[PDB]
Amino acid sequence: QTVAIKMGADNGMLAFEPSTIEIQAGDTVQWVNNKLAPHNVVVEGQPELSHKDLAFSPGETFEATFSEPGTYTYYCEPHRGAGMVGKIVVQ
């Protein structure tokens, strides 16, 4: 299945929403540019699941398929200092 994660929270915070999500191995994660762009996504240790290019427009989406079970930490480079970090748990 495909699950969506917003980049920039609906309440205006610099955060991914939901900040922690659990999925099944083989599922696809879609990040959607919501508010306070630009944003990007770097998945720690996983260059192949990362999207370093900045996303500027609202609605811009990009995705990654997580085939290996485990816990993955990811962050936004522009806003890492503001705590824009997330977690994906793959079951």
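Residue numbers run from 1 along the displayed sequence.
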So where's residue 55 on the chain's Cα temperature factor ranking, which third?
-> middle
Could you look up the Cα B-factor of residue 83 in the entry and say which third of the chain it sits in: lowest, middle or highest?
-> middle
Assigned third (lowest, middle, highest) for the C-alpha B factor of residue 15 | lowest
Please rank the C-alpha B-factors of the chain's modelled residues and tell me whether residue 9 sits in the lowest, middle or highest third.
-> middle
The third of the chain into which the C-alpha temperature factor of residue 49 falls is the middle
